[PDB]
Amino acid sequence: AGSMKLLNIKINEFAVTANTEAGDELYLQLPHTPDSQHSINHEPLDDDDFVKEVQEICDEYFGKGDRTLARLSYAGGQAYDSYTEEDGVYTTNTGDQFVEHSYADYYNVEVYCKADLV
């Protein structure tokens, strides 16, 4: 788990896809919550330690230094460059708006909802 490399990473609006040195294909519904359905080579993936290790590598890739940017990128399905926050709504560099997900305080996970009309 700990010393193989991630060789390809891409993000869409439904999941983060990854390809490892070992040839496996991760399909990860990030951030990790009880609602997530992860797949390893089109098979169900139920190692929460592995999913959290890849999610931590992807927090460091997308959020750069700020994990909040990575969480906004997961919610938006695209790698954002920056964001500003005001009154609880987060606006990224492309103008996309987000608010905190309703499950955030209950899952104790940083998750966001794409608030288009807020």
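Note that residue numbering follows the sequence shown and begins at 1.
Higher mean CA temperature factor, per the PDB entry, when comparing 38-46 with 76-84: 38-46. Two stretches are in play, 17-25 and 94-102, and the higher mean C-alpha B-factor belongs to 17-25. For the set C113, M4, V118, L7, the maximum C-alpha B-factor listed in the entry falls on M4. The PDB entry assigns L30 a C-alpha temperature factor belonging to the lowest third of its chain's modelled residues. When all modelled residues of the chain are sorted by CA temperature factor, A70 is found within the lowest third.
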